[PDB]
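Next up: just one chain, as structure tokens, the form deposited in one PDB entry.
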């Protein structure tokens, strides 16, 4: 096999610790390309995006060249990556200690010294979660690739060009790519970025940034958390039709709705991130419905106090009675003693009935206010969540789409 003598001649005087620059002040182009095989996860508890990506790296090495006419027409040789020099292009913004690739595949070399490497890797990059519109939110975080041990005076990172145009995107495979099930890839731009604060001689002067605009599918959160909580918070508006009696169960219903909301808070606390920069939208809605439930409990206590008043306990003033009953546009003396006792208990019952009617009027008055408050708050919060959509362009200041 001619590959044996070809490899023995190529690697006979090869030093993998040396940059392949031909002369002094020679900068080697290191073209990069990404291929997102499948989006594994985005764990917002530690704000880490776990992805599976194949990284295409192409460069030129003047050492590994051969005249194919001298050999038997061989023009493409696979060499293990451990025996060859590498640009050490690593993911800088990792959440773990894993910087390099996960497999170290063989690298292909051509006649002209062209070198093509395709290692796969599993990257747990950092991803600052914007919790403003959780769970209807969209996340804009990126993978940053840079040469760990070289500066801009030695290497020159740039995006690879295939047919004469720069591949400024992630280029997922249209067929062999399964959806995450909770995230949709809306925009996948890519760009070379300079820090412009450090000098060119610094290794961190240049980088290649692959963004990933990901929109969360809120289906599971709607089905299991949002809609049941909405139904529970809608139940508390029914309390104004329950009678204000011993068996009315008004305060029981309201406080048990509050207890259900507390259990929902316990459920929610295991899912929401702990960034503390902003309150999650689901958290805002939960605080709002808890405040509404507290106000409704207070109103129920007030209504029960009003409807259970007695002439023996309070005095019904003429002002209150007028206000709440006119402004609603929306050896023989034993028989005498029995008669007078019946008359006085009838009068006390009549005043109690007046208090009950006042309670009914205030119930009907406050029910509409509570219903409007709850409906407006819920609709406003969820319409704000729904209107939160991915921007049309990947960058607001650019007209390009960065889409093949």
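For clarity, a rigid core is taken as the largest C-alpha set superposing within 1.5 Å between two forms. Residue numbers count along the first chain shown, from 1.
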task = Can you check if, in at least a third of the other PDB entries compared, residue 330 has no modelled coordinates?
result = yes
request  = Answer with none, 1 to 3, 4 to 9, or 10 or more: how many deposited residues between residue 330 and residue 331 are not present in the coordinates.
outcome  = 10 or more
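There is another form of this protein, the form deposited in another entry, and it is not shown here; the text below is about that form.
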query = Superposing on the rigid core, do we see a C-alpha displacement of 2 Å or more at residue 165 between the shown form and the other one?
reply = no
